[PDB]
Engineer: 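One structure coming up, written as structure tokens, with questions to follow.
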Amino acid sequence: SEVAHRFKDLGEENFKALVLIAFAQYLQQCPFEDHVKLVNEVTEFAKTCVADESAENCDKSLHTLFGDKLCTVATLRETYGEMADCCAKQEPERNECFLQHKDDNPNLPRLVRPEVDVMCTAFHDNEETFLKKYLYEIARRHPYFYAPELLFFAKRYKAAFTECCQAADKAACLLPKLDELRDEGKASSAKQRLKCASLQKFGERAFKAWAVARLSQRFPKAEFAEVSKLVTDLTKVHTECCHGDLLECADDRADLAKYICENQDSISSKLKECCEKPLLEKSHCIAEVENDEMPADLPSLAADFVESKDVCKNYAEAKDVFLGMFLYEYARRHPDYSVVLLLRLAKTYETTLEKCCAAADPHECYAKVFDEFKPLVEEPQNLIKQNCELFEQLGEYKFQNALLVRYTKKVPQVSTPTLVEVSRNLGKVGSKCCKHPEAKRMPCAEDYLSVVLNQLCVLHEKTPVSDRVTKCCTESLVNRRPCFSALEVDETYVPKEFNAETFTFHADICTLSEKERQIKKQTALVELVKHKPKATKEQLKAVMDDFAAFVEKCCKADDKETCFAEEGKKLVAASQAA
Ligand SMILES: CC(=O)Nc1nc(C)c(-c2cnc(F)c(NS(=O)(=O)c3sc(C)nc3C)c2)s1
């Protein structure tokens, strides 16, 4: 019995919560009530298997069980659409099918926190139903959310309301704390979507090379064997989470934290505070703790990998082992390099070792390897440096605007809302990284730009409209950022004609908050670029501020919502003819 095994290992609480997530990630449109009932029935069924493990259905797989249950609500499909297709199959084809229909951009109401008092009301009226609400609503919008990690956000959510609902100022305690988990959640989500896109699109080998490079950077005093044991455990975990095997994912993550903490002196000296923490806090802490000190007496890389005469020899004996070794060795020496740069280095290392060990003289040609590594290292360096000056010059909002212009011209066929969600997230790179010294930027900046770009890939993949996004997204996971960066103004694209709809907005704008008031201005800024990409110097910004003045001036003109309609049809024609 699988469900009884997981039940025992995870505890009732976590079993419930993890099962709710799985369902919300597979049936995103389905009502909250339906999912909660279904979960209760599964839990009810689980308890019986824990009692007598030979009870009728207790030897079926978790997907068999969980899919049969989901399917009691899915297999009708007027509003559900195409998810009764998956219910006409048997496992393991059904799970493939559910997975395949995960929606990165579900048409769901874009989510708005009600007042603090009403929330404390519900939190105290029934605290269970309130917290299940948070899981359901985050999970169904983030169907790849790292499920063990979603339980931690859930615990911190609960503690916020526990502390703040007993405050003299419920709002001041709770606004900052809920603002934190919101931002932290989105970031958490975007990262996890990259881990799954790698496993799902590029295959486990590609993911193995990622964690080898990351854990080596983080645990550089650890031996290779050790680093490898960890990469193997960590790969499995994420494979299971990304393939909807969430109970086993959570169980294995806990095992891995437990092992890590029981082999600390073999891994790192920065693990003290993490391993003294309640179990969800623990895995979170481990997953993202500061890199350890780099050992003193490391010999030059070049000796084992370039100067040595046994390279082609040793390479051949075990290529994947030798290449991981290289990656291990190059990474632990460079916590100042982005992960994707380390992976670019190891690919170049690989293809050089491939042609040189065939040709006339191995020793001679592969000795040059390090000059092939040169340009690859400096291209990110100059970019992160160049884009951080710009940020300090312009500040965040204008830094976002600049990249919007940049990216719109890059890939003008892309949906305007997407460009807007992507360019803003790209622009967040400045406040996040530039802060740091130059020896900590590149990983901060480039691996984050990898994540945001991945977001552009998945949103576009839904309905492809741009050949260049497809190419840049399908080619090499690791070379995506150089790819997009390399793109210039698209000349094939023929501009969009304006019309009496794309801009003529209403009076609700004034009551909107700073942020939404920015996004609308940014949405219009994209359309101005789509409609005339070329001549777009300061003539863009001279019109964008004429929208800004227009909005502000017309907002505060005591008008019965009429100045907008009147003075709005004007400036579209005016900003066109300009
Ligand atoms: C129609 C409707 O009522 N939808 C909503 N359902 C839930 C559970 C909402 C919600 C409840 N409590 C919060 F506290 C936040 N906080 S938040 O919006 O800022 C957060 S927190 C987080 C991890 N993501 C977001 C978007 C959001 S709003």
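Order of listing sets the numbers, starting from 1, for every ligand and every atom in it. This chain uses plain numbering: 1 for the first residue, then up along the sequence.
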Engineer: Judged on heavy-atom distance to atom 3 (O) of ligand 1, which of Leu175, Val112, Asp179, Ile138 sits nearest?
Structural biologist: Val112

Engineer: Give a yes/no verdict on whether any heavy atom in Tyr136 is under 4.0 Å from an atom of ligand 1.
Structural biologist: no

Engineer: Mark yes or no: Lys410 above the aromatic ring of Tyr407, with NZ or CZ under 6.0 Å from the six-membered ring centre and no more than 45 degrees from the axis.
Structural biologist: yes

Engineer: Is the distance between the SG atoms of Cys165 and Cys120 less than 2.5 Å?
Structural biologist: yes

Engineer: Taking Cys285 and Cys274, which are both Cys, do their SG atoms fall under 2.5 Å of each other?
Structural biologist: yes

Engineer: Could you tell me whether ligand 1 has any atom less than 4.0 Å away from a heavy atom of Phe153?
Structural biologist: no

Engineer: Distance to 0.1 Å, residue and atom name: give those for the protein heavy atom nearest to atom 8 (C) of ligand 1.
Structural biologist: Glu137 CG, 3.8 Å

Engineer: Note the single closest protein heavy atom to atom 2 (C) of ligand 1, along with its residue, its atom name and the distance in Å.
Structural biologist: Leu111 CD1, 4.5 Å

Engineer: Would you kindly check if the NZ (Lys) or CZ (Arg) of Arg480 is within the cone defined by 45 degrees around the ring axis of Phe484 and under 6.0 Å from the six-membered ring centre?
Structural biologist: no

Engineer: Taking the ring centre of each residue, are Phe130 and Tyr157 less than 6.0 Å apart?
Structural biologist: yes

Engineer: Before signing off on this row, confirm whether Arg113 and ligand 1 have an N or O atom pair separated by under 3.5 Å.
Structural biologist: yes

Engineer: Would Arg141 count as a contact residue for ligand 1, given that I'm defining contact as a non-hydrogen atom of the residue lying under 4.0 Å from a ligand atom?
Structural biologist: no

Engineer: Report the nearest protein non-hydrogen atom to atom 25 (C) of ligand 1: residue, atom name, distance rounded to 0.1 Å.
Structural biologist: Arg182 CG, 3.7 Å

Engineer: Checking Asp508 against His506: is there a side-chain donor and acceptor pair closer than 3.5 Å?
Structural biologist: no

Engineer: I need the nearest protein heavy-atom contact for atom 11 (C) of ligand 1: residue, atom name and distance, please.
Structural biologist: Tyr157 OH, 3.3 Å

Engineer: Take atom 5 (C) of ligand 1 and look for protein heavy atoms under 4.0 Å from it; say yes if you find one, no if not.
Structural biologist: yes

Engineer: For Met119, which part has a heavy atom under 4.0 Å from ligand 1: side chain, backbone, both, or neither?
Structural biologist: side chain

Engineer: Give a yes/no verdict on a cation-pi contact between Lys132 and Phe32, requiring under 6.0 Å between NZ or CZ and the six-membered ring centre and an angle within 45° of the axis.
Structural biologist: no

Engineer: So, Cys444 with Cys433, SGs under 2.5 angstrom?
Structural biologist: yes

Engineer: Quick test: of every protein heavy atom, which one is nearest to atom 23 (C) of ligand 1, and how far off is it to 0.1 Å?
Structural biologist: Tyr134 OH, 3.0 Å

Engineer: Is the closest protein non-hydrogen atom to atom 20 (C) of ligand 1 under 4.0 Å?
Structural biologist: yes

Engineer: Are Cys473 and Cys457 close enough that their SG atoms are less than 2.5 Å apart?
Structural biologist: yes

Engineer: Step through it carefully: locate the ring centre of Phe503, locate the ring centre of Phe547, and say whether they are under 6.0 Å apart.
Structural biologist: yes

Engineer: Near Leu181, which atoms of ligand 1 are under 4.0 Å from a heavy atom of that residue?
Structural biologist: 23 (C)

Engineer: Under 3.5 Å between any N/O of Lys133 and any N/O of ligand 1: does that happen in this structure?
Structural biologist: no

Engineer: Short list, please: which atoms of ligand 1 are under 4.0 Å from a heavy atom of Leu178?
Structural biologist: 14 (F)

